[PDB]
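Reading through the structure tokens given below for one structure.
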Amino acid sequence: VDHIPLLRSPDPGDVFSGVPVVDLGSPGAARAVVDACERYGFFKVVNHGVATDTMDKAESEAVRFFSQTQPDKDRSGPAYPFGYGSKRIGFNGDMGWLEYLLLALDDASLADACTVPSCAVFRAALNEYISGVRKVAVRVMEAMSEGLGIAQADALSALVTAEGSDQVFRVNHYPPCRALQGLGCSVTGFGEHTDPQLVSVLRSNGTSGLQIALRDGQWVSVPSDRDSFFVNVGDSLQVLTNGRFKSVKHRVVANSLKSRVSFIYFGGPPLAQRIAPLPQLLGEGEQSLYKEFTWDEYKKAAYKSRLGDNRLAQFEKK
Amino acid sequence: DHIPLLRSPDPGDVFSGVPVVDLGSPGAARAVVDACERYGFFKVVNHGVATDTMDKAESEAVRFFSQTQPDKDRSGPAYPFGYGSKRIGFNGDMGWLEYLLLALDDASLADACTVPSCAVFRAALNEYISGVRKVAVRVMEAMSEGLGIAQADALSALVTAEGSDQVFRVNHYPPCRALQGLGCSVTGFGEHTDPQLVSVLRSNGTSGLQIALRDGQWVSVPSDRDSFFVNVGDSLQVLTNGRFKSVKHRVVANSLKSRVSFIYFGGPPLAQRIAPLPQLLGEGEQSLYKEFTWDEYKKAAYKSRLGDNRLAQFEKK
Amino acid sequence: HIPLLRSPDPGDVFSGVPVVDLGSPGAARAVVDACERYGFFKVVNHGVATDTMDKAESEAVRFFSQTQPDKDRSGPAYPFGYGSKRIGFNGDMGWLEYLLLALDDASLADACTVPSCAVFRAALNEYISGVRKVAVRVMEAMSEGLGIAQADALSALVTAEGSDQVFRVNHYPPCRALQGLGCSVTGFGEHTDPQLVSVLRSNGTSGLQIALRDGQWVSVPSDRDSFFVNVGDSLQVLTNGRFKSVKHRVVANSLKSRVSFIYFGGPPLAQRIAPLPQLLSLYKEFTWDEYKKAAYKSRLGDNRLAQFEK
Amino acid sequence: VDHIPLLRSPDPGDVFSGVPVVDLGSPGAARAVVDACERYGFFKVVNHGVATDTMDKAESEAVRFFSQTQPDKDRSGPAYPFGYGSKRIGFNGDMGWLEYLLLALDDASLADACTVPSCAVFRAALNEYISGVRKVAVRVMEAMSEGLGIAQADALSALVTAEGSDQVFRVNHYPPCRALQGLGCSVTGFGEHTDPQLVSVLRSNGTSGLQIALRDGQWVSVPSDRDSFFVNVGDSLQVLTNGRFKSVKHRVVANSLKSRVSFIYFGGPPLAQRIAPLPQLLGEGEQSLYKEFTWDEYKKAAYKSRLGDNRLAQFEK
Ligand SMILES: C=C1C[C@]23C[C@H]1CC[C@H]2[C@@]12CC[C@H](O)[C@@](C)(C(=O)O1)[C@H]2[C@@H]3C(=O)O
Ligand SMILES: C=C1C[C@]23C[C@H]1CC[C@H]2[C@@]12CC[C@H](O)[C@@](C)(C(=O)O1)[C@H]2[C@@H]3C(=O)O
Ligand SMILES: C=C1C[C@]23C[C@H]1CC[C@H]2[C@@]12CC[C@H](O)[C@@](C)(C(=O)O1)[C@H]2[C@@H]3C(=O)O
Ligand SMILES: C=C1C[C@]23C[C@H]1CC[C@H]2[C@@]12CC[C@H](O)[C@@](C)(C(=O)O1)[C@H]2[C@@H]3C(=O)O
Ligand SMILES: C=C1C[C@]23C[C@H]1CC[C@H]2[C@@]12CC[C@H](O)[C@@](C)(C(=O)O1)[C@H]2[C@@H]3C(=O)O
Ligand SMILES: C=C1C[C@]23C[C@H]1CC[C@H]2[C@@]12CC[C@H](O)[C@@](C)(C(=O)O1)[C@H]2[C@@H]3C(=O)O
Ligand SMILES: O=C(O)CCC(=O)C(=O)O
Ligand SMILES: O=C(O)CCC(=O)C(=O)O
Ligand SMILES: O=C(O)CCC(=O)C(=O)O
Ligand SMILES: O=C(O)CCC(=O)C(=O)O
């Protein structure tokens, strides 16, 4: 369904030093979160308390899995409802220079229904990491509701701690494209998009590749940092804040010399959840910018769409 | 990769013992229980769905499938809903078919299921759907009656509950001109049992449907565009601790005429625990099955190949 | 895709292929009768030793036994070499793999570097020498049977220097998908051969079929000890339509492996091709180079002889 | 291979400014030709006596043919032994971003057996151009011999004017690649190779694309010049000069914005011709670097190879 798109190779003039940095354990974190979410939809989290040991072991097990042979990996595929995938992203023809694991959580662990990966050592290293990253996600969302003045402390966080939360966990591997070294153009690792749910929390190895789109349309590279997290505002959080936090549009450009390995936690609510601006955030007679929908509805619409589509616009008011 | 071939079926394979259930008769409950215990399959006559409703749904489907392939492909692919061609599920199964896979709310097309977009086709489907869903409820009440369950809705409540996972599928098996008169036929839909509770099929007059009898022989079901054919699915085999056996069935494409099929699949809500109804568990009787939710069964189903024995991994030692 | 075919039913085995005993009087009359009535005949008592056929076969069996990666090194098949499934240039396909090889006189051309194995090349070359002698004797028998005093009137076209002779080794492996289904896969789709004659030998496996004049398709029983000879289009023209070229095809055997050797006797490229003077034209003037290049612009099943008819 | 390789988009620093230029109507031509053939294997030819008019009409008629629809073009397909081709180059998987005509020549014009193209106007325009460029090839080969100090003035030119010489004529079309505008990388129009014959003579429209490898391996861009010819030493001329003239390795980098149309005459000898150093160029005792072979052998070994292969190596001692 067409090939992987090419992109102009990123400059070093494209690097972005202004990514906001949030010390979760700290005073003024709640305000730094709000500010970053308002102007970028994206920020780095440090001193998050997830051990570098568990991050390193999750990565090592992932690298081991992806180093298997293509037929051995294909036994865990395809990626839907869960499992291993190669190049194809979603259902509608998108492709990237990547391979990945798309996995399902129950609360703070892999779901037992999600039988990939089968190797107990990989599964156990993933589960320790997932526990850690899920607590960071909850803390980020409490810092959100706090910096937004929400008395209810779990106003956001409770949507992913609820029973039957739709929480997704994805391991991406962008191998090197050696065919393109020095040629001025680079292959898309993961085409541009916004994430559909509340928040995503990413951790990578040290290889570059992640880019975000600024408000003025410009694409900038985010320097990688294997010991910190990067947090995305997703479309659903754009709606719960009535447009105050805009979803960050982001993509991955594959490196032509080093493998890039990423772990991403996606916080989504239960399927039945009605997604609308939090009553607490609407002023007197303020109108929602959005039609009413449920998460199940948004998610299904999402899977009928292309990666780069503006999925929110179909649910915006006219 | 490629669509399997099969021995063309000849009149020697026709099966005359398909149980008949007269849905308006008070003997339906006993016929249904008997058929579910012997074949997992039965025809349903005198069902109250008008032939004009069936005709107009079929006519609108045929028109959709007559569209060019680029035009159909715009309603594709088939997941989470929509149009599909040849590929069945996610794991390489293929058949000489195209189809629509549609989602329901209660007894109509779900608003979120945007396919088909054409309001005439949608209206005809919604009329047919309303009728067949009523047939399925009646069938399931007859089953519970014939099983001796006090609660009349012991089964039917599972597809009428809020958040029911009910699927509606339109299958088109077109002619295969190339195989005309060659002694072999292309697979229309590979062999499988259905995962949920009950399936209710109606087709146009074309042959193709086959079922496997308990001894494994494949026999052809005579088509009847005016009746329904009901399948026991894996989840109902579990609710009856093995009493009702899921029917294995397939479609062999006809090399001469289109076969157009409508199928309603009755599933429960995703969170339903699937286990032997406690009413059907004698004294000390042990369930043959591990406990599981419909969500779990369905997720494991989509990880499997069409012909896999999906129940096997949920059976006890 | 590879076209499927109705499986051949024993009903259509043809027992009446003419038999030409090459060491018997009246070989000449039998040869000519079969070239007129069928375009096709069996050749027995031909002098090629059983031993030289079996060694050609087993070395070819050995070659096809290699891995697909190793066989692909000798491919694809043009201007010579190994091919798989694709026949010609215009999308024809069959369930087969093969070697198409070029001959210098009665041997594999040194320029034809496939196959590389010396053992295999030896067996082929000894086989090729035998069958080419059989081809010459067969063409000499046709001139005798036509009342032509020059007994090399046909033979000379393939003994000339620069004669264009091709040799192919076909392998039709089993098709397990189809066993006992009543439909068989095409091993090699219907065609007439463009040259003067072709001389075929196979192992015992069924699969060769010819079209009778009608033309119903009938199965020819295999016979590993004998050759089967086709009239090709060029020989139809050299006889102004008296021998019509046989239309033939191969239907792969779903259980069995069929291995074939075919020599194709063509003239030199410069050869002007017309009814032999001794036998007098329905055909336009053309050279073998012309017919060959036009043949390669066509599909297997095309009537290549029409665009050269009046 | 199945992908068309990409290459760095050529910058202005890659522009070769010193392509050798040969005034064909000049007495110094012969010295300039030998120097260029030894040092670059490539030179430009000006003041060549082919009318701008002749070139324009062949070009417009080729543009007309290529603007035909794909189904209509494909009926002159495929390209072997003669005809139309798209993307695929030769037999062994090479691909470029182009379509083309591969045509056979007889004497000074299109061979009648090469039925493509059908349109007598195209054919007529092509034959006028072909007559012009073949005479340029003959004059070039005459200047080569004069400059080697060979007495017999047709010692090279006679191999292509001879009866049954294997001359080939190719019309290449490199359409734009809009998908890559501004991305810094370009798509391969025609992969690197040397030509197997004696000489090749090329003329294009004004769109860039042609690049050659210098002796030190650097790839440089050749400025396009729609009114001049560019001449390549081929592998066979390397053998007839005993290694003195080295065949130029070259390629085309498709322009992403504009269409590039090319004609190329390939001067080869008759198939039976023994290819070896010209007697005159071996001083007593001097050893030929090459096994003995015939054009037919070299040409067939060439078609068994891949485009970038060093075809000359297997025929070295
Ligand atoms: C075409 C796609 C691919 C989607 C769904 C749809 C649009 C949005 C994409 C993502 C983007 C974010 C998450 O990785 C994901 C798992 C998610 O939730 O949305 C993606 C999902 C997928 O890759 O399968
Ligand atoms: C068992 C399931 C669950 C499916 C459908 C079927 C197989 C594929 C699954 C997904 C996976 C991707 C999307 O979330 C989804 C909405 C989709 O489109 O496909 C899923 C859908 C569901 O969870 O309801
Ligand atoms: C390989 C497949 C194809 C499945 C899923 C999985 C196993 C069972 C199949 C069916 C069988 C019955 C229904 O048609 C269906 C919609 C259903 O519910 O189960 C099918 C579903 C699909 O086509 O998407
Ligand atoms: C479509 C094809 C395939 C041709 C060329 C063209 C038409 C005639 C075919 C044969 C038919 C007979 C010989 O096998 C053959 C080697 C031959 O000489 O002619 C074939 C050749 C080829 O396979 O390369
Ligand atoms: C080096 C050669 C020799 C070719 C062209 C090119 C590659 C393919 C060869 C053939 C092979 C098949 C036909 O005989 C032919 C006439 C044809 O069409 O292709 C051949 C042609 C030739 O011998 O003149
Ligand atoms: C891979 C290829 C493509 C070849 C044959 C083989 C090796 C050399 C190539 C050229 C290169 C020069 C001419 O364009 C050509 C027509 C020629 O004479 O040789 C090419 C030929 C072809 O395209 O058919
Ligand atoms: O893998 C990465 O580094 C980011 C990819 C991404 O944004 C996603 O998978 O939604
Ligand atoms: O389409 C038909 O006729 C029956 C196919 C079937 O049984 C199914 O899709 O589950
Ligand atoms: O004997 C065989 O199987 C091949 C006969 C044939 O049809 C051919 O390839 O020309
Ligand atoms: O087509 C061009 O412009 C040059 C390509 C070339 O040299 C060739 O096709 O051999």
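Before moving on, here are some points about what is shown:
- Relative to the longest principal axis of the Cα atoms of chain D, the long axis of helix D:52-67 makes an angle of roughly 50 degrees.
- Point-to-point label distance, D:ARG88-B:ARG74, nm (Cα→Cβ direction, 7 Å offset): 3.4 nm
- Convex hull volume per residue in cubic angstrom - Cα atoms of the range D:58-119: 99 Å³
- If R0 is 60 Å, the Cβ-Cβ spacing of B:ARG305 and D:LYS291 corresponds to a FRET efficiency of close to 0.55.
- Taking the inverse of the mean 1/r over every pair of distinct Cα atoms in the protein assembly as shown gives a Kirkwood hydrodynamic radius of 36.4 Å.
- Taking amide H atoms as placed 1.01 Å from N in the peptide plane, the amide H of B:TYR289 lies under 5 Å from those of B:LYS316, each 5 or more residues away in sequence or on another chain.
- Over all directions, the projected convex hull of the C-alpha atoms in chain C averages 15.1 nm² in area.
- Considering only D:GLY209, D:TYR303, D:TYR265, the residue lying farthest towards the positive end of the dipole of the range D:208-307 is D:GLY209, judged by Cα position with unit charges set on Cβ.
- Spin-label model, D:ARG226 to A:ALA179: label points 7 Å out along the Cα-to-beta-carbon direction sit 3.5 nm apart.
- For the range B:266-271, Karplus couplings with θ = phi - 60° (6.51, -1.76, 1.60), whole Hz, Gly/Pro x: x, x, x, x, 4, 7
- If the convex hull is drawn through the Cα atoms of the range D:36-91, its volume per residue in Å³: 149 Å³
- Full extension of the chain between B:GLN313 and B:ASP1 gives 109.7 nm of extra length, using 0.36 nm per residue less the Cα-Cα distance.
- Selected from D:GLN181, D:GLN238, D:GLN273 as most flexible by GNM, with chain D as the system and alpha-carbon contacts under 10 Å: D:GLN181
- A:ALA276-C:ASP105 pseudo-label distance in nm [points 7 Å out on the Cα-to-Cβ vector]: 9.7 nm
- Qualifying GluC sites (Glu not before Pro) in the range D:264-317, DSSP loop, other Cβ atoms within 10 Å at most 15: D:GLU284, D:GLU286, D:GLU292
- Taken over the range A:74-194, the ratio of Cα radius of gyration to 2.2 N^0.38 Å equals 1.30.
- The C-alpha atoms of chain B define a longest principal axis, and helix B:28-38 lies at about 80 degrees to it.
- For chain B, the longest principal axis of the alpha carbon atoms and the long axis of helix B:119-147 meet at an angle near 30°.
- Partnerless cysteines in chain B, where a partner means another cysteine C-beta under 4.7 angstrom, comprise B:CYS36, B:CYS113, B:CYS118, B:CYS176.
- Tally of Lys pairs whose C-alpha atoms are under 20 Å apart, taken over the range D:186-313, 8 or more apart or cross-chain: 8
- Residue among A:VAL231, B:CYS176, B:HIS192 farthest towards the positive dipole end of the protein assembly as shown, charges placed on Cβ: B:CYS176
- Spherically averaged projected area of the range C:224-310 from its Cα convex hull (nm²): 7.4 nm²
- Choice from A:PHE293, A:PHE43, A:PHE82 showing the highest fluctuation, given a GNM over chain A with Cα pairs closer than 10 Å: A:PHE293
- Across all directions, the average flat footprint of the convex hull enclosing the Cα atoms of the range B:1-107 is 10.5 nm².
- Rule-of-thumb Rg ratio for the range C:201-262 [Cα; 2.2 N^0.38 Å; N residues]: 1.25
We did not get these values from a lab; they are worked out from the coordinates using the rules stated. Please note: Cβ atoms are built from the backbone with ideal geometry, for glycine as well, and neighbour counts cover all protein chains shown.
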